[PDB]
Structures are given as structure tokens and as C-alpha cells.
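Undergrad: At position 73 of the sequence shown (counting the first as 1) the number is 158 in the deposited numbering, and the numbers step up by one without a gap.
Handing you a structure now.
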Amino acid sequence: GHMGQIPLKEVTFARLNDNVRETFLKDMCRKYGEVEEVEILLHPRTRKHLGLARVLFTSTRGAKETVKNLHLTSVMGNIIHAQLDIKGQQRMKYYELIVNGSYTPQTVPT
């Protein structure tokens with residue numbers, strides 16, 4: 086890939102339906118790229134799904150294609166947000182807004 090200052094291989098998801106956990110994310114992302122790692126973010130005290138996830142791909146092409154196919158796509162009844170993210174910078178902003186701010190998993194501003 087040529088667009089980033091570093092390779093763009095990691096996707097941040099937000100507003101995931103709380104049934105979309107590690108196995109689902111792997112099952113659905115592997116249709117769009119080679120998946121290396123999946124992580125869902127949980128509330129620090131309740132351990133509940135924040136609707137946030139990280140998916141790391143083998144190539145930048147897999148990450149771009151996942152974003153193209155899944156951004157603004159409805160998956161078990163919720164519209165997903167999916168974008169390339171460097172070092173979880175946007176992911177951790179969403180984490181703070183839900184966990185320590187007034188927002189919820191389905192209302193976090195992206």
C-alpha cells in the first residue's frame with residue numbers, strides 16, 4: 086500500500102451489535118481478507134460489549150476491502166461503522182466516549 090505513512094492493515098469497527106463477537110467477526114471478515122487477529126473491546130467494570138472491535142489483516146488489500154464491504158452495512162440489525170485506524174487512535178477515542186463519556190455503543194459519534 087502507498088497511502089499511509091505506515092501500512093494500513095488494521096480496521097476499527099464501531100456500533101457492532103452485541104452478538105458480533107470474536108467468532109462472528111472472524112467468520113465474516115475472512116470473506117473480504119486474510120484475518121490475522123480479532124479483538125472486541127469490553128467495558129472495564131461490567132465487561133459488556135462496547136460495540137467496538139479491532140481486526141488486523143495480513144495485507145492492506147484485505148483491510149481496504151473489508152471497509153468497502155462492511156462500512157454502513159447492517160449486521161444482525163445494526164449499521165456498522167468500519168474504517169482503517171492507525172494504532173487504535175480512533176478506536177480509543179470511541180472507547181473513552183462510551184466508557185467515560187455520555188454515549189452508548191449505538192450512539193458513539195464517529
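The C-beta atom is built at its ideal place from N, Cα and C for all residues, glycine as well.
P92: which of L110, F142 and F98 sits nearest, CA to CA?
TA: The residue you call residue 92 lines up with position 7 of the sequence shown. Here the closest residue by C-alpha is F142.
Undergrad: Using the three-state DSSP reduction, which class does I91 fall into: helix, strand or coil?
TA: The count along the sequence shown starts at 1 and reaches residue 91 at position 6. Looking at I91 - three-state DSSP - the assignment turns out to be coil, as it is neither helix nor strand.
Undergrad: Tell me the rounded alpha-carbon separation between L169 and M177.
TA: Reading the sequence shown from its first residue, position 84 is the one you call residue 169. Reading the sequence shown from its first residue, position 92 is the one you call residue 177. C-alpha separation (whole angstroms): 13 Å.
Undergrad: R139 lies in the beta strand (DSSP E); which residues open and close that run?
TA: Locating residue 139 in the sequence shown gives position 54, where the first residue counts as 1. Counting along the chain, the beta strand (DSSP E) containing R139 begins and ends at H134 to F142.
Undergrad: Quick one: what does DSSP say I164 is sitting in, helix, strand or coil?
TA: As a working note, residue 164 is residue 79 in the sequence shown. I164: strand per DSSP, three-state reduction.
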